[PDB]
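Read the single chain below, which is given as structure tokens and is the form deposited in one PDB entry.
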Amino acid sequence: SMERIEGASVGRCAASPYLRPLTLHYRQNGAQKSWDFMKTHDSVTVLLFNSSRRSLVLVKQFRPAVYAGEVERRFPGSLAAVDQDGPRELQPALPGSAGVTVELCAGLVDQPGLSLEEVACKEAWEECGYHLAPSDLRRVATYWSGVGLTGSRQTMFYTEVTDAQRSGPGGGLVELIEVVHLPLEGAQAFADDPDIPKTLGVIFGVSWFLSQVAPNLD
């Protein structure tokens, strides 16, 4: 989560492996309709509870999409259509902290040879520094995210760890990610504080752990 961002500029977006524009044409109950959407990948998330530190493991990082959307709120029109000349430097622009979010460890399912559990284990090592095995993972929920513009499905896993599995670092492969250990005592106040940029996966992860897992511990 290196909040140090410079040279922020918005340019044209032609072709991406992550954003593929498509149109579904269809008839619903006889009525001809169309819908423009983006083909994107499914994903997985994992909530880790470190029972030694009595803390939940989260990740903090810079999200360029969040930063861009935040520049638009405080300076309307900053994200207008870019001409063919080249990327337009965002002026005025916000500090990189505007794009800094707190999330669950997450990763895309964009490699055909890895299971959902294997993607979750790979991401927990690269981002959080914890050694996980697929047999240590439990499925919490599988849901659809962004039903309006994408049909992506995200699967949330839960797992319990100690420092004995933190045999190395996260922070991406080098990617700049800061690992966050949230003590259980202040976890609910963390999730409810709008001053922190959080995802729904974090709010639900914390809420689900405290209401269903924590009362059955010890």
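In case it trips you up, residue 1 is the first one in the sequence shown, and so on. Superpose the two forms; the largest set of C-alphas matching within 1.5 Å is the rigid core.
This next part talks about the form deposited in another entry, which is not shown.
- Remark: with the core as the superposition reference, the CA shift of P183 between this form and the one not shown stays below 2 Å.
- Once the cores line up, the CA of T162 ends up less than 2 angstroms apart between this form and the one not shown.
- Fitting the two forms on the rigid core leaves the C-alpha of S16 displaced by at least 2 angstroms between this form and the one not shown.
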